[PDB]
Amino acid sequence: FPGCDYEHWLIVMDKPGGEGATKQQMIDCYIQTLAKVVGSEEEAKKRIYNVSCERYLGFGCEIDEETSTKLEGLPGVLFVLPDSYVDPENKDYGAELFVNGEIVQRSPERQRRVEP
């Protein structure tokens, strides 16, 4: 599958962070969770390329396969699976684009390419 290089991982979580959490609170939880295996929150922001707060709750990050297995044990983590492109022409793994800790909006044309 294109984009599936086992260097990009989709991490699905149960209730980050807690019941009735805001988008902002889930994203902090995503960052804090990944931080526990990459050393710090700033390194975590560097590695996360997208975040999901609907359809499924989770995030995509650039980590090696060894690091991804260290995520499996962590509280709150449901699944850790190898990610692949939703839109190969733009190397887009889908969900909401997340770059350096910021949500980035796609152009309207690209958002249609990522539509299910």
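One rule holds for the numbers: they count along the sequence shown, beginning at 1.
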- request: Compare the C-alpha B factor of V104 with those of the other modelled residues in its chain, then answer lowest, middle or highest third.
  value: highest
field: Third of chain Cα B-factors occupied by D83
entry: lowest
query: Taking the entry's C-alpha B-factors for this chain, is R113 in the lowest, middle or highest third?
result: highest
task: Within this chain's modelled residues, let me know which third the CA B factor of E96 belongs to: lowest, middle or highest.
output: middle
Chain-wide C-alpha B factor ranking for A44, given as lowest, middle or highest third: middle
